[PDB]
Structures are given as structure tokens and as C-alpha cells.
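The residues of the chain are indexed from 1 along the displayed sequence. Read the numbers this way: they start at 1 and go in the same order the structure lists the ligands and their atoms. What's counted below: heavy atoms across the whole structure, side chains too, no hydrogens, waters or symmetry copies.
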Amino acid sequence: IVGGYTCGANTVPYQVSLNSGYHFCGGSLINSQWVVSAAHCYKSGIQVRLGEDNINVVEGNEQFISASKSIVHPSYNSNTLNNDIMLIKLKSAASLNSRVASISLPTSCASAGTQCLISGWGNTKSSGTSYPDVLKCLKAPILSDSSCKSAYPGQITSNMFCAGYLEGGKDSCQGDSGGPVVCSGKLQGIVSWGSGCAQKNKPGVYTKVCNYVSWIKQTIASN
Ligand SMILES: N=C(N)c1cccc(C(=O)N[C@@H](C(=O)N2CCC(C(=O)c3ccccc3)CC2)c2ccccc2)c1
Ligand SMILES: [Ca+2]
């Protein structure tokens, strides 16, 4: 996250870290056994870390659970990032409390101008690199689809939305990928991609989770 703030320990309790000997992506807990993340975060041997604040110190509240299954949407296209969504099943159910909790899925799509919360342990710089120990947060609005498409001509599908500041200065970034965009208590986006981070007229682009609710529910039902 570039230009955001320290969330505070366990204030975003659905936020997980995907680890492969190091933090590589975020994810969102949607029930005790399943996490939503980006398909471009796929890899074998994922370890899901729930209840994290500082990802480098065991502080208490952590739960480390191996992924038993990592399911990339079947129409995911790595060239375009269309359908950039992945479902991870945990080997054992996480224990849910106030520091580890699920985030509800949307019952409808969100509208342009709605304010959302985006978080992660990704790069905090727009130039160069700096990775934080503690979870960072950023409040950002959903942009209109016309402004989204003018910023990224021919690259925005109906399964994507832009959010952030046309700005420069405040955005998600590498390392935050797969992580949540939560708006009025619903998981409406997945950190997916953008040109650089926090650059003027290049806002973040997020998977549009309201288009995948039936797919998530059927995939979970079958697995
Ligand atoms: N800012 C966000 N909100 C955000 C969030 C999460 C990751 C990234 C991210 O990693 N940004 C890349 C970048 O410049 N690129 C451009 C094109 C994109 C791509 O190849 C593509 C492919 C198909 C369709 C659309 C885009 C791949 C990343 C990058 C490279 C070097 C330093 C910083 C950032 C950005
Ligand atoms: Ca920790």
C-alpha cells in the first residue's frame, strides 16, 4: 500500500497473508475453510497465515494453515488478467473469533464513488521498494467505469473496476495482490493490477467480485 496508514493489530480480521517461505500475496477469508485471492497469486505449497499484524514476529493470534486446494478460475487469462480470482481451501478450518473472521460476499455490485478499504503488506513506495512489517490500509473510492477505461484503454473488462486516486500518491501495489477491497462490509474487489503504483492517472484495477458470487458458492459446494 502506498500513501495509506497502519491499520492497527487485527482491525482487518479477514485479511490473510499467503506465504511460500515469505509473504507474496494477500487473500480474504470468506468462511472458516476458504480464502479468496487473485489467480495470478497461484502457486503450489501455499501456507495461509490468518490473524497476522506484524508478519515477521509471532505476536499471538496467528493461525498458520496449509492450503489443501488452490483453485484458479477456469477462464483466468494471464495475458489480460481477466477473471483474476482464485479460491483456496484450507487443510483444516481456521478458528474464528474477533481477530480472525470472515468477510461477507456482495449481494449486489458496488457503485462508482463508494468508499472502500484496501489493505495488505505490499510495497509502501511508488518509486523503489519498502515492505512493511505491519498491515497497511488505504481508504479509496470506486471510480466510474468510463474514467477506468480512459485510464487503461482496451484493458478494462466487465470483470474489473478501478479504485483509488487519479492522483498519484495513494494506491495498492506489489505484495498487496490478491488482497481485499471491502466496501460497506462486503468483499467487492481483489487487488489485481495497475501500471506502476500510485502513479498519476493510473489507478488500481481490481477483480469485480460481485460477478463471481455464484461461481464461488458452487465451487465451494463441490469441493
Ligand atoms: N498499482 C496497483 N494498484 C497495483 C496492484 C498490484 C500490483 C501492481 C503491479 O505489480 N504493477 C506493476 C506494473 O507496472 N505493471 C504494469 C502492467 C501490468 C500487466 O502486465 C498487465 C497485463 C494484462 C492486463 C493488464 C495489465 C503488470 C504490472 C509494477 C511494476 C514495477 C513496479 C511497480 C509496479 C500494481
Ligand atoms: Ca505475526
Contact region, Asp171 to ligand 1, non-hydrogen atoms below 4.0 Å, reads side chain
Would you say that [X] contacts [Y] through its side chain, given a criterion of any heavy-atom pair below 4.5 Å between the two side chains?
X: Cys210; Y: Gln188; result: yes
X: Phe161; Y: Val181; result: yes
X: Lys136; Y: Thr124; result: yes

Between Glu62 atom OE2 and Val57 atom O, the angle centred on the Ca ion (ligand 2) rounds (to 10°) to 90°
Closest non-hydrogen contact found for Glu62 with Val58 is OE2-CA, 3.3 Å
Is it true that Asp176 lies under 4.0 Å from ligand 1, counting heavy atoms only?
no
Next item on the list: Say whether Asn79 and ligand 1 are in contact under the criterion: heavy-atom distance to a ligand atom below 4.0 Å.
Entry: yes
message: Is atom 19 (C) of ligand 1 near the protein, in the sense that some protein heavy atom lies at less than 4.0 Å from it?
response: no
Evaluate the 4.0 Å heavy atom contact test for atom 30 (C) of ligand 1: does a protein atom fall under the cut-off? yes
Closest to atom 1 (N) of ligand 1 (heavy atoms only, candidates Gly120, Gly164, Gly204, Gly196) is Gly196
Would you call the rings of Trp215 and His73 parallel, tilted or perpendicular if under 30° counts as parallel and over 60° as perpendicular? tilted
- Task: Measure from the Ca ion (ligand 2) to each N, O or S atom of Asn56 and report whether any distance is below 3.0 Å.
- Result: no
With a cut-off of 3.0 Å, does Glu59 put an N/O/S atom close enough to the Ca ion (ligand 2)?
no
The atom of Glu52 among N, O or S that is nearest the Ca ion (ligand 2) is OE1
